[PDB]
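Enquirer: Right, I'll just put the structure down here and ask away after.
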There are 4 protein chains.
Amino acid sequence: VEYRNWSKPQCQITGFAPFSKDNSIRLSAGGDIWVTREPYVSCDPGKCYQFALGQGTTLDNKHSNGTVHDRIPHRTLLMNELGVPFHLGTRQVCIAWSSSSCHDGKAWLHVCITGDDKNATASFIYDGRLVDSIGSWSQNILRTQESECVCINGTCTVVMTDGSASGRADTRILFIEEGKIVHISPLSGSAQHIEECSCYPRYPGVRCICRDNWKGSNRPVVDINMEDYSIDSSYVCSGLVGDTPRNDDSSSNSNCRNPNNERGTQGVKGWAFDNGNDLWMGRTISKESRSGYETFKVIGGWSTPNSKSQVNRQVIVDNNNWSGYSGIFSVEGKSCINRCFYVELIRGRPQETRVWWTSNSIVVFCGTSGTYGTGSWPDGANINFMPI
Amino acid sequence: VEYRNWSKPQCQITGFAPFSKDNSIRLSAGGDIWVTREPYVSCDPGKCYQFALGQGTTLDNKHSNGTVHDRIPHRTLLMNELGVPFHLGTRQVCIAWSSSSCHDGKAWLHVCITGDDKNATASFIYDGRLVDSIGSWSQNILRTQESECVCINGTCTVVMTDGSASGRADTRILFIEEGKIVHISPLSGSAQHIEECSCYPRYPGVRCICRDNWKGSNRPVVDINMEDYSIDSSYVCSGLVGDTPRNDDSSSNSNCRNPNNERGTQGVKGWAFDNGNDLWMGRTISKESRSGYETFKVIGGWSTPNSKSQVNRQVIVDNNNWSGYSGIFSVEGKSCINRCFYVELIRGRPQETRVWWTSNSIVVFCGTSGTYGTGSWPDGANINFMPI
Amino acid sequence: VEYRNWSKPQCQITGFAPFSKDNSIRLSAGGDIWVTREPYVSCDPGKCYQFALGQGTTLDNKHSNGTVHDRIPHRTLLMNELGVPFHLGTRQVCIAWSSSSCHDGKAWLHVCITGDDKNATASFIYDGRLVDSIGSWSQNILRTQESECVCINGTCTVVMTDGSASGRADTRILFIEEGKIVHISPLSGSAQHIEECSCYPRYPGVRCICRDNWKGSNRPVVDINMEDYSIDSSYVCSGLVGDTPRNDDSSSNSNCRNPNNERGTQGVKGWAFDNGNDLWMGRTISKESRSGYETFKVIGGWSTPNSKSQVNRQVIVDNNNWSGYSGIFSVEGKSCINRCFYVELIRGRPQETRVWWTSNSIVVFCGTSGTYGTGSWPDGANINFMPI
Amino acid sequence: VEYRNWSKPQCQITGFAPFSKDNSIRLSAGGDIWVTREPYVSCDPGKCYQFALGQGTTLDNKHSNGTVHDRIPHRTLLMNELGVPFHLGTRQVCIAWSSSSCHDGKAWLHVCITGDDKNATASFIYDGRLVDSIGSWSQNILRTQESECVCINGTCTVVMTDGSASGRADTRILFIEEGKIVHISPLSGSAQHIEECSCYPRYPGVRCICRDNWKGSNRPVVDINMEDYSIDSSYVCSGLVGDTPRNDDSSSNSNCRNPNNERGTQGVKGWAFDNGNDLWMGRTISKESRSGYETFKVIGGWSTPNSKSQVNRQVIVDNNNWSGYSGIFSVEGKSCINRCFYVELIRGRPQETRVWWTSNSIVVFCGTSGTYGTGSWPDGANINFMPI
Ligand SMILES: *[C@@H]1O[C@H](CO)[C@@H](O[C@@H]2O[C@H](CO)[C@@H](O[C@@H]3O[C@H](CO)[C@@H](O)[C@H](O[C@H]4O[C@H](CO)[C@@H](O)[C@H](O)[C@@H]4O)[C@@H]3O)[C@H](O)[C@H]2NC(C)=O)[C@H](O)[C@H]1NC(C)=O
Ligand SMILES: *[C@@H]1O[C@H](CO)[C@@H](O[C@@H]2O[C@H](CO)[C@@H](O[C@@H]3O[C@H](CO)[C@@H](O)[C@H](O[C@H]4O[C@H](CO)[C@@H](O)[C@H](O)[C@@H]4O)[C@@H]3O)[C@H](O)[C@H]2NC(C)=O)[C@H](O)[C@H]1NC(C)=O
Ligand SMILES: *[C@@H]1O[C@H](CO)[C@@H](O[C@@H]2O[C@H](CO)[C@@H](O[C@@H]3O[C@H](CO)[C@@H](O)[C@H](O[C@H]4O[C@H](CO)[C@@H](O)[C@H](O)[C@@H]4O)[C@@H]3O)[C@H](O)[C@H]2NC(C)=O)[C@H](O)[C@H]1NC(C)=O
Ligand SMILES: *[C@@H]1O[C@H](CO)[C@@H](O[C@@H]2O[C@H](CO)[C@@H](O[C@@H]3O[C@H](CO)[C@@H](O)[C@H](O[C@H]4O[C@H](CO)[C@@H](O)[C@H](O)[C@@H]4O)[C@@H]3O)[C@H](O)[C@H]2NC(C)=O)[C@H](O)[C@H]1NC(C)=O
Ligand SMILES: *[C@@H]1O[C@H](CO)[C@@H](O[C@@H]2O[C@H](CO)[C@@H](O)[C@H](O)[C@H]2NC(C)=O)[C@H](O)[C@H]1NC(C)=O
Ligand SMILES: *[C@@H]1O[C@H](CO)[C@@H](O[C@@H]2O[C@H](CO)[C@@H](O)[C@H](O)[C@H]2NC(C)=O)[C@H](O)[C@H]1NC(C)=O
Ligand SMILES: *[C@@H]1O[C@H](CO)[C@@H](O[C@@H]2O[C@H](CO)[C@@H](O)[C@H](O)[C@H]2NC(C)=O)[C@H](O)[C@H]1NC(C)=O
Ligand SMILES: *[C@@H]1O[C@H](CO)[C@@H](O[C@@H]2O[C@H](CO)[C@@H](O)[C@H](O)[C@H]2NC(C)=O)[C@H](O)[C@H]1NC(C)=O
Ligand SMILES: CCC(CC)O[C@@H]1C=C(C(=O)O)C[C@H](N)[C@H]1NC(C)=O
Ligand SMILES: CCC(CC)O[C@@H]1C=C(C(=O)O)C[C@H](N)[C@H]1NC(C)=O
Ligand SMILES: CCC(CC)O[C@@H]1C=C(C(=O)O)C[C@H](N)[C@H]1NC(C)=O
Ligand SMILES: CCC(CC)O[C@@H]1C=C(C(=O)O)C[C@H](N)[C@H]1NC(C)=O
Ligand SMILES: [Ca+2]
Ligand SMILES: [Ca+2]
Ligand SMILES: [Ca+2]
Ligand SMILES: [Ca+2]
């Protein structure tokens, strides 16, 4: 077994093809299934796994009540093979109300954060054993990506924030070797707020498209140099912006450098990736709510400030259905590195008040160099059929 | 580990022996079990797996209502070890309302089709990663075998159709290497409608017995040359015909070349294979409905137009019990390739209206060179005991 | 991987120590657990497995009603790791209302019998594929051991009967190489009725202690020569007899050669094994009913007709609790071959009529060369707590 | 694979970081989950497992009633991967109402005790087979650690007691090679009552901190010489004592040599380990009841009689929540041996009488050389939501 380097070109793609779906909520109405949120996907060199933050309860369970709330001590990181829904034999990998995981070619790293808001602990578990930990540096909800971290030549990197969710905060980039923090770099460059980064290998570095929860409806970028630990940051050029909320397409803007101050407050975890001057990205279809999900390529979306010319759109979830978080994961093929993504499909609170819980299912698509058609792959549960 | 060649002679058989049965529907009345249809079996070089298309729900579950419907976004391909029923720990391999899977000696290939009727997408997943995709070429429900594909020396072939289910359609034969489509051949020969092929290795090529849903109650054949990608097609010679509906045995015909125009419209997935001039086949016992199941050898059934002399009959399911689809799968032995088959045992709608769902169990038999007796192995559930 | 020879001396033991217990019926009252009977245990070179004949249903399931009946097409052979109860993820290895399984050092053989009483089929599955089959030779419930078969140097042997359960029948001993029947020997010697043999390796041969369901409350012996396929048979010498029903200890007899004609009709599967002139054996505590279970060594119990001197008794299940079948299995240690045994603990019908099902749990003990105390390890379920 | 030696230095730690939590009781209100108590954790060289003693029943199950009782024949040792809750697919490793397990680098050893109070049997299962057994030597509830044993160079040691729980008893130290007892050493030194030892490797020997249930609220120590089998014993020097019940910190004493005769009778399983002259320990926060849990380092707590200066305290469970047993386990790192611990979180009887069962969940922490914050990780179930 060898370390992953991801030293292959990115796969040239034409769009995305359907890959997985777990039907969690449909199943929860006739089965013992975990209440979750903040899912993601990551693969070792052989196979893929779905992850999510449990709420220490199943859905058909009185403990499901009140699970809209983000942080309790009972939240743990669930990890199954992709497509295996979160049944009672699911392994709870660690204690976490925020997490990130990645495989370095040899073993799994999990970054797991739990404890008091003002004084949380992040544990670093590598190859099944606790190797390191770090306490909160700003005493205000230490937190991380809620998607996969990225490792090159045995060094994994992960982005963490501590501080205000609606103002300047303290963001740092950790470099981790076999679970041991070997270096920490502060955020640097022009991004002014970093949450929930969706990162991906871009040899010889790592690149993240994140969420600005303060002043930007355009998505921040963080670039991580794995050779000298230097950090840069900016914003996605595309004038078709990825965050929710956001201005409609005719009145939205980005200059690649600063937050746009267009319905900038709040956000949703998301992703995009560069292809030369172009940008593949996803976002919700609704500009104000976490409804629908669409992908497309923005021509000049990486290089050209305020580009709004798109091509190769695909509906993933139609705008009559709830979406939520989305993130990227990368998969090594024979000659190139492919990009895939997942979409969290949130059911229950706050939008659907018939029930007293909040949970999600997922749908997963991968990059393709072939052809495809159309469809819509929503959660599929009838809210009226669910235990409340 | 090496690529399968299947370069051994076909096992000489005297009939078939009982192999597996999952009791899905009986279990569903006291357990959380997936609603399914369109099952099949395929084995890697070590062990066998059962597959089926889930309906994104369990049976004792209000989402079971309306599962007679064929195509929804929530259908996924389930894969367990043969004999493990579809419990909540079952892995959803991909998104699929039509599928085919096969193992090439090294890894699994799954062909999974989902999306809009008029614009579907087929994903090609090999060794746990999406390698290729293709969109609909006739904008009318792109679809495939619902049984195993076949691979020789690293090339796997699968048969797909797009177009009318009651008229001329567009059928193509794909050749796939490690998930990557390397060549596509149009249907050629005298078969005029091809659905749901049951294929098997017949070194150096592959042979399929399929379903003609337009003008034939006799079963089409498709022969696939793996060396030059050429295709040929015809119909099963036997005057004892395998489709349902069909004429009774006294007024049924086949000339090996054309659809017989005898109750030709509609059909059911099925199988047969050749042994020299003779034919082993199965079919429903009823000639109008999907009731019962029987196998037999037809003397001259492969080489002689309209042969009706059978021998070595076996009841698999008696005619008081519901059957459904059936397909072949091949298992490599020490010195020969054996042929096995599965029968889908459909319960619920449209035949049984006490319940509002449609699901199935399976029963599985393998060729034997030994001896055997008699029996009947139906689904076994009491419809009156089921959740509605 | 090499073939097992079992060419080590038998472990000298002082009694038996507790090994496993599955609590199936206690669990069935709050969980989805298979209805079973006819359990047994067998181990490959690394680990042990429990087996049982399912009834194609869980206990808390209306299909549980009527499961006192022995043979339906829905019965299949369940196989889990020992101590894993029969939950919904249990693999159904084959179709069987009677079975035997063993591992030859390389792979598992399963002998599975199903179909019509008058014309049953036995399938032989080796290394996950059907290799052979045989039909009924006397048209009267072809049947086998309901415990492990035994393999030496790649040849597995198994004892099967076809014919009357209350009169002379047709018993044959099969020799099976990688699932292929290479030879069949008729029963020979003085045993006049053979059912449900508990066999064990006794290098260079195999020895079985079985059940006489016609004229003997003493247990028949069958000796199998694996070098030339010759068969011998007799009866256990011990005047403390192993079958149920039987005469009380003061009025019971055996002469090592003929059935004793003492409450000979009926029986229960059981076991014993020789140690020089002595005999270790188990039986129910009740002489008339399947209640309690006890083991002991009978001094001269193998060599001396009608010996009644016992030593080293142990209660396994007290006589206030239901037992059932019991059988032997052998486990290779570093220098010797150990003998273990299981006891089936039957709950429900016919004895307990509050419920309409019949099922069992198991308890398992292994030979020890150390010391031990006392106890009683019954099923433990409160019949009044069970779904009916 | 090689025998563990544990010949690395103890990891220098600053405290403990969150590692795992199973949420057993919360899940039990919407799922079929085993009733347990007496949990622990032990890891093979690759991964960690949670263990516990089942009560032969699930919680939502009428057999849960009366599970406050300690010893029944239906108790079995459960073993899952750490983080997998005790669902119906959990393996019952052996019959046990008291146990200890450990992995010697090659295979697992389980020590399992069951049977009559006055005449119990301990089985020694190694590598999936029963290798040895021993009967009770004092006819008064033979019993062992309820946490992991320790193996160095192929010899595993475990501490057992037989005799009064409120008076002088007979304690012995067994040395076991591949399941076989090779030597037994009587307790020696100044410890006067030894229960439920929490042992750890301290190369070249093993050290245990145990429970004195007769006259000590301070914790006994047992030191085991693996080279010559000699034993020594004493008490933990720290004047901050670890047992419950105990005197408050102002009136508590220990002289390192004798039980302190301060609320000495009764107790609770616990742990501590030395680092030079200092002591890391945990205990309940309440001094009279099994409520809360806290850890801290005591400066001079190992070497200095009656030291009461603590540093680096951490709340694990706050004093509004129920705790219970706790024990140590050791995890080998790249360059040092780390110490982790688990806390049993007892719910139901005797403290919570709304329900008629007694069960537990766990929370697990591992030593860290990094930093951390604060929190509280209790069981988390609402007793009012539970099945009674
Ligand atoms: C069958 O499926 C195929 C593949 O999905 C599908 O082809 C795709 O159609 C879409 C929609 O036309 C194309 O994406 C568009 O590209 C144009 C540039 O030529 C853009 O202008 C579009 O964006 C505008 O329109 C969108 C609405 O469609 C708005 O949401 C958006 O804000 C813009 O105003 C859009 O990006 C896509 O390129 C093709 N894909 C390929 C590979 O050709 C085809 O249409 C389907 N057939 C049928 C009959 O439905
Ligand atoms: C015990 O089991 C064995 C094995 O199953 C069984 O032997 C089989 O019997 C069947 C039925 O007789 C044989 O199959 C027949 O073969 C003749 C040709 O010799 C055909 O004519 C038969 O077809 C006609 O009859 C069918 C009804 O049986 C009709 O459905 C059909 O349309 C035809 O008109 C049929 O193919 C078979 O060959 C044997 N198998 C062997 C290996 O001998 C035996 O009968 C069983 N005995 C009992 C008492 O159950
Ligand atoms: C603690 O446990 C140990 C180990 O189990 C136990 O020692 C065993 O006691 C039994 C019962 O006495 C012994 O078995 C007996 O052996 C004598 C020969 O000396 C036989 O005569 C006995 O058979 C007769 O009695 C039985 C009732 O006990 C009848 O059921 C039977 O039909 C006969 O009439 C019986 O075989 C056994 O040998 C010892 N085992 C050892 C290793 O010594 C001990 O008794 C237990 N201690 C207490 C206080 O319970
Ligand atoms: C954020 O988290 C960190 C890490 O947990 C935390 O720092 C820790 O605080 C505790 C409490 O002050 C420190 O532990 C104490 O150490 C002093 C000696 O310097 C002892 O006197 C303390 O014991 C006394 O007080 C206890 C109550 O706190 C009593 O229970 C006890 O009986 C004694 O009278 C105690 O051991 C600990 O050393 C630090 N850890 C580190 C690494 O600095 C910090 O306080 C947290 N901040 C907030 C705002 O939550
Ligand atoms: C879920 O919990 C909520 C909050 O505790 C419950 O809602 C409360 O119900 C009480 C009881 O009548 C009311 O008096 C409160 O005003 C409600 N609170 C709120 C915020 O609405 C609710 O009943 C629980 N639901 C279920 C299904 O158990
Ligand atoms: C399954 O779904 C069907 C269709 O929705 C339900 O049948 C309908 O029930 C409504 C009232 O609830 C009637 O007004 C319609 O006439 C019914 N439709 C048909 C076509 O019969 C049915 O109730 C559902 N079944 C269950 C068990 O919930
Ligand atoms: C289990 O099945 C049995 C047999 O079908 C049922 O017993 C019968 O019940 C009917 C209905 O009242 C009676 O008329 C018959 O006389 C009963 N038969 C016998 C043999 O006693 C029984 O009710 C079913 N039990 C359950 C729990 O479903
Ligand atoms: C759990 O078991 C207890 C003890 O059997 C039950 O309490 C007894 O109930 C009976 C009547 O059913 C009373 O006469 C006794 O006085 C009760 N005993 C005690 C000690 O209180 C209790 O009902 C059972 N609990 C449940 C939930 O079934
Ligand atoms: C605490 C700040 C943070 C980033 C904006 O809030 C997130 C947003 C929430 C989201 O907008 O739905 C869900 C996340 N569970 C939450 N993360 C944590 C650790 O609580
Ligand atoms: C759409 C044509 C096709 C071939 C006849 O219909 C099939 C027949 C159906 C029926 O004959 O049972 C079941 C299949 N689910 C359906 N396949 C799809 C993809 O919908
Ligand atoms: C059919 C004869 C046979 C041996 C006496 O009966 C067995 C006895 C029964 C037993 O006495 O309880 C149970 C077995 N399930 C049955 N075996 C079969 C195949 O039905
Ligand atoms: C029997 C003495 C022993 C040591 C104090 O009691 C333990 C204490 C009990 C209690 O302190 O929680 C729980 C244990 N289940 C019990 N062990 C056994 C084997 O019954
Ligand atoms: Ca924003
Ligand atoms: Ca047709
Ligand atoms: Ca008899
Ligand atoms: Ca004490």
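No Cβ is skipped: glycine too gets one built from the backbone with ideal geometry, and neighbour counts run over all protein chains shown. Since every read-out is calculated from the coordinates, none of them should be taken as a lab result.
Enquirer: What single numbered condition from (1) farther than 15 Å from D:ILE209 by Cβ; (2) crowded, with 18+ Cβ neighbours inside 10 Å; (3) not basic (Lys, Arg) fails to hold for D:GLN266?
Expert: The single condition D:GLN266 does not satisfy is (2).
Enquirer: Moving on. (1) over 22 Å from D:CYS208 (Cα atoms); (2) over 21 Å from the mean Cα position of the chain (by Cα): which one isn't true of D:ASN153, the others all being true?
Expert: Result: D:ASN153 fails condition (1) only.
Enquirer: With within 14 Å of chain C (Cβ to nearest Cβ) and farther than 26 Å from C:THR114 by Cβ as the only criterion, which of B:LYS8, B:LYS62 stands out?
Expert: Working: B:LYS62 fails: within 14 Å of chain C (Cβ to nearest Cβ).
Just a single option satisfies the conditions, and that option is B:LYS8.
Enquirer: Kindly list the number of the only condition in (1) assigned to a loop (DSSP other than H, G, I, E, B); (2) away from every other protein chain (no Cβ under 11 Å); (3) surrounded by fewer than 24 Cβ atoms within 10 Å (Cβ to Cβ); (4) not aromatic (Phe, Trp, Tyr) that fails for C:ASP170.
Expert: (1)
Enquirer: For segment A:8-27, which residues satisfy the criterion of being assigned to a loop (DSSP other than H, G, I, E, B) and of a type in the set (S, T, N, Q)?
Expert: Narrowing segment A:8-27 to residues assigned to a loop (DSSP other than H, G, I, E, B): A:8-9, A:11-14, A:22-23.
Once the filter is applied, which keeps residues that are assigned to a loop (DSSP other than H, G, I, E, B) and of a type in the set (S, T, N, Q), segment A:8-27 yields A:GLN12, A:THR14, A:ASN23.
Enquirer: Taking the condition of being within 20 Å of B:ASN253 (Cβ to Cβ) and either touching a helix residue (DSSP H, G or I) at 6+ places or on another chain (Cβ under 8 Å) or buried (at least 18 other Cβ atoms within 10 Å of the Cβ) (or both), how many residues in segment B:286-298 meet it? Lay out the reasoning, then the answer.
Expert: At the first step, the residues of segment B:286-298 found to be within 20 Å of B:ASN253 (Cβ to Cβ) are B:286-288, B:294, B:296-298.
Subset that is either touching a helix residue (DSSP H, G or I) at 6+ places or on another chain (Cβ under 8 Å) or buried (at least 18 other Cβ atoms within 10 Å of the Cβ) (or both): B:287, B:294, B:296-298.
Qualifying residue count, segment B:286-298: 5.
Enquirer: Taking segment D:184-221 on its own, how many of its residues are assigned to a loop (DSSP other than H, G, I, E, B) and at positive phi?
Expert: 1
Enquirer: Just wondering, is there one or more residues in segment D:102-120 that are more than 9 Å from every other protein chain (Cβ to nearest Cβ), in contact with a helix residue (DSSP H, G or I) (Cβ under 8 Å, 6 or more places away or on another chain) and buried (at least 23 other Cβ atoms within 10 Å of the Cβ)?
Expert: Within segment D:102-120, not a single residue is more than 9 Å from every other protein chain (Cβ to nearest Cβ), in contact with a helix residue (DSSP H, G or I) (Cβ under 8 Å, 6 or more places away or on another chain) and buried (at least 23 other Cβ atoms within 10 Å of the Cβ).
Enquirer: Could you give me the residue pairs with C-beta distances under 8 Å whose first residue belongs to segment A:200-228 and is within 14 Å of chain B (Cβ to nearest Cβ), whose second residue is within 16 Å of ligand 5 (Cβ to nearest atom) wherever it lies, and which are 6+ apart or on separate chains?
Expert: Qualifying pairs under 8 Å: none.
Enquirer: While we're on this one: So, in segment C:103-115, how many residues would count as being within 22 Å of B:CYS43 (Cα to Cα) and either of a type in the set (D, E, K, R) or assigned to a strand (DSSP E or B) (or both)?
Expert: Our first condition is that a residue be within 22 Å of B:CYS43 (Cα to Cα); within segment C:103-115, this holds for C:103, C:106-112.
After this cut, where a residue has to be either of a type in the set (D, E, K, R) or assigned to a strand (DSSP E or B) (or both) as well, the list is C:103, C:106, C:108-112.
Residues flagged as within 22 Å of B:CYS43 (Cα to Cα) and either of a type in the set (D, E, K, R) or assigned to a strand (DSSP E or B) (or both) within segment C:103-115 amount to 7.
Enquirer: Condition first: closer than 18 Å to D:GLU195 by Cβ and either without any contact (Cβ under 8 Å) to a residue 40 or more places away in the chain or among the hydroxyl-bearing types (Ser, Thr, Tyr) (or both). Now tell me which residues in segment D:268-296 satisfy that.
Expert: D:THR284
Enquirer: Would you check which residues across segment A:368-377 are more than 7 Å from chain B (Cβ to nearest Cβ) and either surrounded by 23 or more Cβ atoms within 10 Å (Cβ to Cβ) or among the β-branched types (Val, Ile, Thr) (or both) and list them? If you could, list the steps in order and put the result at the bottom.
Expert: Applying the first criterion (more than 7 Å from chain B (Cβ to nearest Cβ)) to segment A:368-377 yields A:369.
None; the set is empty.
Enquirer: Return the residue satisfying two criteria in turn: it lies in segment C:1-55 and is of a type in the set (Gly, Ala, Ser) and under 21 Å from the mean Cα position of the chain (by Cα), and of such residues it is farthest from ligand 5 (Cβ to nearest atom).
Expert: Of segment C:1-55, the ones of a type in the set (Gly, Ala, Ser) are C:7, C:15, C:17, C:20, C:24, C:28-31, C:42, C:46, C:52, C:54.
Then keep just the ones that are under 21 Å from the mean Cα position of the chain (by Cα); that gives C:15, C:17, C:20, C:24, C:42, C:52, C:54.
Working: C:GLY15: 56, C:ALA17: 50, C:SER20: 41, C:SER24: 34, C:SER42: 49, C:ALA52: 41, C:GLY54: 38 Å.
Checked segment C:1-55; the qualifying residue farthest from ligand 5 (Cβ to nearest atom) is C:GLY15.
Enquirer: Collect the residues in segment B:38-47 that are assigned to a strand (DSSP E or B) and either surrounded by fewer than 22 Cβ atoms within 10 Å (Cβ to Cβ) or among the small types (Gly, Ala, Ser) (or both), keeping them in residue-number order. Break it down stepwise before answering.
Expert: Residues of segment B:38-47 assigned to a strand (DSSP E or B): B:38-43.
Selection gives B:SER42, B:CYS43.
Enquirer: Give me the residue from segment D:116-142 that is outside any loop (DSSP other than H, G, I, E, B) and in contact with an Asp or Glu (Cβ under 7 Å, 6 or more places away or on another chain) and, out of that set, farthest from D:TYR342 (Cα to Cα). Spell out how you get there, then give the answer.
Expert: At the first step, the residues of segment D:116-142 found to be outside any loop (DSSP other than H, G, I, E, B) are D:116, D:119-126, D:129-135.
Add one more test, that the residue is in contact with an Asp or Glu (Cβ under 7 Å, 6 or more places away or on another chain), and what stays is D:124, D:126, D:131.
On the way: D:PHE124: 24, D:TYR126: 24, D:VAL131: 29 Å.
Only one residue tops the list, namely D:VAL131.
Enquirer: Of all residues in segment D:121-150, which are facing another protein chain (nearest Cβ under 8 Å) and hydroxyl-bearing (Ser, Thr, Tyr)?
Expert: Passing the criteria: D:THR121, D:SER123, D:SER133, D:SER136.
Enquirer: Also, quick follow-up: Considering only segment D:49-58, I want to know if a residue exists there that is assigned to a loop (DSSP other than H, G, I, E, B) and either surrounded by fewer than 24 Cβ atoms within 10 Å (Cβ to Cβ) or at the interface with another protein chain (Cβ under 10 Å from one of its Cβ atoms) (or both).
Expert: Taking segment D:49-58 and keeping what is assigned to a loop (DSSP other than H, G, I, E, B), we get none.
Within segment D:49-58, not a single residue is assigned to a loop (DSSP other than H, G, I, E, B) and either surrounded by fewer than 24 Cβ atoms within 10 Å (Cβ to Cβ) or at the interface with another protein chain (Cβ under 10 Å from one of its Cβ atoms) (or both).
Enquirer: Could you tell me which of the residues C:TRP322, C:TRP280, C:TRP302, C:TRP271 is within 16 Å of ligand 3 (Cβ to nearest atom), among the hydrophobic types (A, V, I, L, M, F, W, C) and either farther than 27 Å from C:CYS149 by Cβ or away from every other protein chain (no Cβ under 14 Å) (or both)? Give the derivation first.
Expert: On the way: C:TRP322 fails: within 16 Å of ligand 3 (Cβ to nearest atom); C:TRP302 fails: within 16 Å of ligand 3 (Cβ to nearest atom); C:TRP271 fails: within 16 Å of ligand 3 (Cβ to nearest atom).
Only one candidate qualifies: C:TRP280.
Enquirer: Would you check which residues across segment D:187-236 are closer than 15 Å to D:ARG283 by Cα and in contact with a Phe, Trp or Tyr (Cβ under 7 Å, 6 or more places away or on another chain) and list them?
Expert: Residues satisfying the conditions are D:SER198, D:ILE209, D:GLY216, D:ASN218, D:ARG219, D:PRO220.
Enquirer: Then there's this: In segment C:238-259, which residues are under 14 Å from C:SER190 (Cα atoms) and surrounded by fewer than 24 Cβ atoms within 10 Å (Cβ to Cβ)?
Expert: Within segment C:238-259, C:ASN255, C:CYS256, C:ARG257, C:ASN258, C:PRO259 meet the criteria.
Enquirer: May I pose another question? Among the residues in segment C:276-287, are any among the charged types (D, E, K, R), over 19 Å from C:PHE365 (Cα atoms) and assigned to a strand (DSSP E or B)?
Expert: Checked against the condition, which is being among the charged types (D, E, K, R), over 19 Å from C:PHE365 (Cα atoms) and assigned to a strand (DSSP E or B), segment C:276-287 yields at least one hit.
Enquirer: What tally of residues in segment B:300-336 results from selecting those that are crowded, with 18+ Cβ neighbours inside 10 Å, of a type in the set (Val, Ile, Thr) and farther than 22 Å from B:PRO39 by Cα?
Expert: Here the count works out to 1.
Enquirer: Looking at segment B:335-388, which of its residues are in a helix (DSSP H, G or I) and either within 16 Å of ligand 16 (Cβ to nearest atom) or touching a residue at least 60 places away in the same chain (Cβ under 8 Å) (or both)?
Expert: Applying the first criterion (in a helix (DSSP H, G or I)) to segment B:335-388 yields B:383-385.
Within segment B:335-388, just B:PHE385 meets the criteria.
Enquirer: Out of all the residues in segment D:335-388, which are in contact with a helix residue (DSSP H, G or I) (Cβ under 8 Å, 6 or more places away or on another chain) and polar (S, T, N, Q)?
Expert: Of everything in segment D:335-388, those that are in contact with a helix residue (DSSP H, G or I) (Cβ under 8 Å, 6 or more places away or on another chain) and polar (S, T, N, Q) turn out to be D:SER359, D:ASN360, D:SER361, D:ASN382.
Enquirer: Identify all residues within segment C:1-16 that are farther than 22 Å from C:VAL364 by Cβ and of a type in the set (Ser, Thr, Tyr); write none if there are none. Give the steps one after another, and end with the answer.
Expert: Our first condition is that a residue be farther than 22 Å from C:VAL364 by Cβ; within segment C:1-16, this holds for C:1-3, C:5, C:7, C:9.
Across segment C:1-16, the qualifying residues are C:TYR3, C:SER7.
Enquirer: Quick one: count up the residues across segment D:81-95 that are within 8 Å of chain C (Cβ to nearest Cβ) and part of a strand (DSSP E or B).
Expert: 5
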